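1. pasting the sequence and an experimental structure:
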2 protein chains.
Amino acid sequence: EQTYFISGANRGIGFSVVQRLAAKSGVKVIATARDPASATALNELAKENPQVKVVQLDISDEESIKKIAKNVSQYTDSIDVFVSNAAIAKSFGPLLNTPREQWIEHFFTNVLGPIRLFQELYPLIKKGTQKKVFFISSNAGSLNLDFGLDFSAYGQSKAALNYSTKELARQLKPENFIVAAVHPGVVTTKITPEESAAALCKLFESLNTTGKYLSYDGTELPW
Amino acid sequence: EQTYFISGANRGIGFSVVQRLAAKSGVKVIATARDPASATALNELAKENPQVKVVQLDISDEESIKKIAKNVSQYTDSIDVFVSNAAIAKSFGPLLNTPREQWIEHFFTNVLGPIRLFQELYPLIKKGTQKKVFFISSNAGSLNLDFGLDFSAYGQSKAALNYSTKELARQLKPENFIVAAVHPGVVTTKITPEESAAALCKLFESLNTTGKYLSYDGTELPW
Ligand SMILES: NC(=O)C1=CN([C@@H]2O[C@H](COP(=O)(O)OP(=O)(O)OC[C@H]3O[C@@H](n4cnc5c(N)ncnc54)[C@H](OP(=O)(O)O)[C@@H]3O)[C@@H](O)[C@H]2O)C=CC1
Ligand SMILES: NC(=O)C1=CN([C@@H]2O[C@H](COP(=O)(O)OP(=O)(O)OC[C@H]3O[C@@H](n4cnc5c(N)ncnc54)[C@H](OP(=O)(O)O)[C@@H]3O)[C@@H](O)[C@H]2O)C=CC1
């Protein structure tokens, strides 16, 4: 049996990934929401597929993050595949027009959030078999891609986490960890939440090497 | 007649840059320190060289940033060359060993501070002739250099500021701004702060192209 963990599983790609793992026999899924009582679709998913456990997590909330380890410890002694999915994307366009609170929010939510989450759940990942670690990044977070758009605090935060993902990959190679930054696609060319999920589950299962920055099709991105 | 702005001029590269600029004719220098009262060497520079103006700046402090434009404005009507030199380097080594507070402090001081500082000083810069905007970054901020060292929050913060620098270079090209990120060298191969300052001041005067990630010697670094 493998244990998957997905932050931000109440909707978007997160929900779709959990929805697909529920169909994989012998998969336990720690799925998170910041408000699990209001996660209608997810709570349904989990009553009909109770291998799905719904845990509370606000990745912007250090007090929430300080509890994620015991919350997950209620359901599992290990994580095989960790997916930092939960993130925000609220601020684009010019620097001169990006106010303080926007820079702050994307940092706390999109960088510190995942770094703390990972720090907390490292012990449970370390006791698992697969030792696979996925940060859902964005192609917008590359220092070497030009989309003809400014991504403001969004892009900066994905670039910051990518930097730290690269380092983590280096640092955990001796422990046989597989660490990746993954662009899941752009979802509603735009691709469906279900299409992104399908590709992410394949990539999650297929990835055998660490320190990669991958798009959902499994092709590499420049850092 | 040119005005330069240097953040963090009480010691290190910043002091050596102000010292180098104070020696050239027609160069007014607005030099900043968190605590000017104790900036002995800088104050003695200013006492003899009245083209050197000292002002308080804590870039970690929104209430200090809220004052820098009006305070710089008492001493000058414009900035030709903006140099965001002030910064910290307190956090290195592995991701799992870097506590929350190091990630935060490096964000606020090394990302948000310079960004906010630039926002406040842009008008003064728009009104000057040279329209040159330098972020002192690190080769440690590259997403594409491996030094076999962990740079933790320091490196993450120079990478994040690099991402936002490259975007700013794109945004301000229509207004004929020159925006660069500049590695000043490793200072105590090691170069001295006076060697770094000599090279940097050369680069500041000569760079006529926006969007560069450069080393003190004018050679390019990969983002
Ligand atoms: N799809 C795209 O266009 C692209 C997306 N990505 C990445 O894919 C991932 C998924 O994005 P997407 O599905 O579009 O996102 P959504 O806009 O659908 O919502 C993001 C998810 O994160 C949750 N979330 C937001 N803030 C917090 C928080 N503070 N604590 C916990 N959970 C939180 C949301 O729950 P809640 O309902 O409460 O907000 C939701 O599950 C993100 O990392 C995103 O950056 C990358 C490339 C482009
Ligand atoms: N040293 C090196 O080899 C390298 C350095 N760099 C970068 O070059 C720049 C200069 O480095 P270096 O001279 O060696 O650094 P130092 O640490 O010697 O000096 C840093 C300067 O920044 C000021 N500063 C620190 N925190 C704040 C704050 N909150 N508000 C305002 N000013 C502040 C310091 O003031 P105070 O005296 O009050 O602390 C000081 O004037 C930095 O951006 C650094 O990251 C990049 C790579 C290589």
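-> Now that the structure is in, tell me what you want to look at. Numbers count the residues shown, from 1 in each chain, chains lettered A, B, ... in the order given. Ligands and ions are numbered 1, 2, ... in the order given.

2. and the lengthiest helix in chain A with helix B:152-172, angle?
-> Counting residues, the longest helix found in chain A (DSSP state H) is helix A:152-172. Counting by axes from the mean of the first three to the mean of the last three C-alpha atoms, to 10 degrees, helix A:152-172 lies at 150 degrees to helix B:152-172.

3. what helices or strands is whichever helix or strand comes after helix A:152-172 leaning on?
-> Counting by DSSP states H and E, the next helix or strand C-terminal to helix A:152-172 is strand A:178-183. Counting contacts by 3 or more C-beta pairs under 8 Å, 6 or more residues apart in numbering or on different chains; DSSP states H and E, strand A:178-183 packs against strand A:132-136, helix A:152-172, helix A:193-206, strand A:212-215. C-beta: built from backbone N, CA, C; applies to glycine.

4. what's the closest of the ones you listed to residue B:33?
-> helix A:152-172 (27.5 Å; C-beta to C-beta).

5. and that closest one with chain B, contact?
-> Yes. Contact of helix A:152-172 with chain B (C-beta under 8 Å from any C-beta of the partner chain) involves A:152, A:155-157, A:159-160, A:162-164, A:166-168, A:170-171.

6. try stretch A:133-148
-> Yes. Shown here: stretch A:133-148 in contact with chain B (C-beta under 8 Å from any C-beta) through A:141-144.

7. returning to what we had before: can you add mean neighbour count and give the helices and strands packed on strand A:178-183 back as a markdown table?
-> Shown next, in a markdown table, are these (neighbours: other C-beta atoms under 10 Å in any protein chain shown):
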| stretch | mean neighbour count |
| --- | --- |
| strand A:132-136 | 25 |
| helix A:152-172 | 26 |
| helix A:193-206 | 18 |
| strand A:212-215 | 20 |
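
8. identify the residues contacting the nearest residue to residue A:116 once chain neighbours are set aside.
-> In space, and not counting its chain neighbours, residue A:116 is closest to residue A:65: 4.5 Å by C-beta to C-beta, 6 or more residues apart in numbering or on different chains. Listed by C-beta atoms under 8 Å, 6 or more residues apart in numbering or on different chains, the contact partners of residue A:65 are A:57-59, A:113, A:116-117, A:120.

9. kindly report the same for residue A:1.
-> By C-beta under 8 Å, 6+ apart, the contact set of residue A:1 is A:26-28.

10. from chain B, how far out is it?
-> Going from residue A:1 to chain B by C-beta to the nearest C-beta, to the nearest Å gives 26 Å.

11. residues near residue A:57, how many?
-> The number of residues packed near residue A:57 is 26, by other C-beta atoms under 10 Å in any protein chain shown.

12. for the one 3 residues further on, same thing?
-> Using other C-beta under 10 Å as the criterion, residue A:60 is surrounded by 17 other residues.
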